[PDB]
Amino acid sequence: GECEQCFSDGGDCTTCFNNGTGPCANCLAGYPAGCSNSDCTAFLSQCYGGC
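The sequence shown begins at 1 in PDB author numbering and counts up one residue at a time.
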């Protein structure tokens, strides 16, 4: 998981999103399925509430 990797490397939200080029980046704008996902999901559970 790209977003999971960033999470394991101590990253939260900003310090992974990297303004729209990061691992959890598509999980932000176009994220209707991001909660029903897994790789995006824990990040979004923090950074948005996880739907």
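Beta carbons are placed, not taken as given, at the ideal position from N, Cα and C, and that holds for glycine.
The Cβ atoms of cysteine 24 and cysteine 35 lie no closer than 8 Å to each other.
Taking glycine 1 as reference, the option from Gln46, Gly50, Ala42, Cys51 with the minimal CA-CA separation is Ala42. For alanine 42, the enclosing alpha helix (DSSP H) stretches over residues 41 to 47. With a beta-carbon spacing of about 7 Å, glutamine 46 and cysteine 13 fall inside the 8 Å limit used to define contacts. For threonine 14, the secondary structure class from DSSP, reduced to helix, strand or coil, is helix.
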